[PDB]
Visitor: 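Pasting a structure here, questions to come.
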Amino acid sequence: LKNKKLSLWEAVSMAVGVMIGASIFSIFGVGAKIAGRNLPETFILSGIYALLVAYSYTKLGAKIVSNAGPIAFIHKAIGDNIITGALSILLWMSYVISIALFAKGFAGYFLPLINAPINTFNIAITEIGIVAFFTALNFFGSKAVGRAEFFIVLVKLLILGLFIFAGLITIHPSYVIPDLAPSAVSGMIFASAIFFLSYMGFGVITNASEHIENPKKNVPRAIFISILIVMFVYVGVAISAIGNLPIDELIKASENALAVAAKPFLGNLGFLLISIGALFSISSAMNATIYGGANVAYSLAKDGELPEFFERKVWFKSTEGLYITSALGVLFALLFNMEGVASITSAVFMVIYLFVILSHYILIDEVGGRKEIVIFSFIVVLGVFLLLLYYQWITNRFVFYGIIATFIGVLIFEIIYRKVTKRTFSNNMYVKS
Ligand SMILES: CCCCCCCCCC
Ligand SMILES: CCCCCCCCCC
């Protein structure tokens, strides 16, 4: 008896697909708004943060194998307690808010495509509709869409290959050169904090590590390769879009930026292709996030453990979790705007990453690595976290309290859940590895 395993390239594709769905087709507009022409440099900077985090994930994942992902690293370092417990809930939440992000991104490209007006109602309906669709998919087609994921990722990479290389032919180099004004530089740095989520490949990979062939080798390789691929794609797309459309026209077309940005150099067929590619990209990212991420993370948080053998591409256990995940996802999507959801997601990922970096530090004699680099990584991510919170405090204080309420709500829930259920975590998550 054995799990259906992913090869290296399938694992790479999975992370690349999720990352592109979020960065290219969901939050790209927000980046044009905050970073403007410095957006290409924002992606690079966010990629540096991602690589610093990757240093820890790759060292830990070469030694520890578990579908519990970061929660296995954390348990191995600090044992079982309310922190470990709350982090398992937080990892689930990170998938929940990502679902809101994808739903929003889908609505943004979908409504202009069908000529529907942008309303608070039309947006709301389309988000509810797309989430409900992926919820229902559990019962009829989540595995089949799963088999289509690899081919959707290839196609959107080609489409974005076209966008990059055709776009570069006609770019104005005069709007490609980085703006070094103090306010252009500081917008670039604030955006980088929001755009940390652009490299959210860690989740789907490590939550699938036992379903990955030769995981001690291929989990670290998939994390590193996928980050490098998307770094090149993002920079190519930001330059091409920015060099072809007035920066203030990117911002008005925020919800579907790249389809409007394709028009100058690919005409109405480019608008159509980018829009259709966006819908498939986001769709495939949502399937990977729900069936592969959220299903795993919910069961681990609820049970304190996972089955040794299960189908990743369905809601394999505790079906109530599927409805809870979808309902909370729709809630976040209705309450906040794209920049809001992006900020909350990025904040949550940073807290997970900090505890992984800490775990790497505690377990350094066992897993290896340089203590200097690990401390450096921790300080960077913490700094970026606080920059994000500061930015929210001055820009949108509702988002600020939203972020704080999430962390606090998660910790309080853990204490109450642990007391009600007696649920505990053990080294049986990773002991066999
Ligand atoms: C608004 C409901 C959308 C219906 C699902 C369509 C599948 C997405 C593929 C483009
Ligand atoms: C993430 C914590 C999940 C708690 C829900 C348990 C409900 C049990 C349904 C029978």
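Numbers here simply count residues along the sequence, with the first being 1. We count ligands from 1, going down the list as the structure has it; atoms in each ligand are counted the same way.
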Visitor: Whether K313 and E149 form a salt bridge (side-chain N of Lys/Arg under 4.0 Å from carboxylate O of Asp/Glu) is what I want to check.
Guide: yes

Visitor: Do side-chain atoms of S23 reach the backbone of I20 as a donor and acceptor pair under 3.5 angstrom?
Guide: no

Visitor: If we ignore hydrogens and angles and just use 3.5 Å, is the side chain of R423 paired with the main-chain N or O of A301 as donor and acceptor?
Guide: yes

Visitor: Output the set of protein residues with a heavy-atom contact under 4.0 Å to ligand 2, ordered first by chain identifier and then by residue number.
Guide: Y298, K302, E320, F413, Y417

Visitor: Please collect all side-chain hydrogen bond (donor to acceptor under 3.5 Å, both in side chains) contacts where either partner lies in residues 328-347, sequence neighbours excluded, each pair once.
Guide: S343-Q392

Visitor: So, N295 side chain and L322 main chain: donor-acceptor pair closer than 3.5 Å or not?
Guide: no

Visitor: Give a yes or no on whether a salt bridge exists between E10 and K4, defined as a side-chain N under 4.0 angstrom from a carboxylate O.
Guide: no

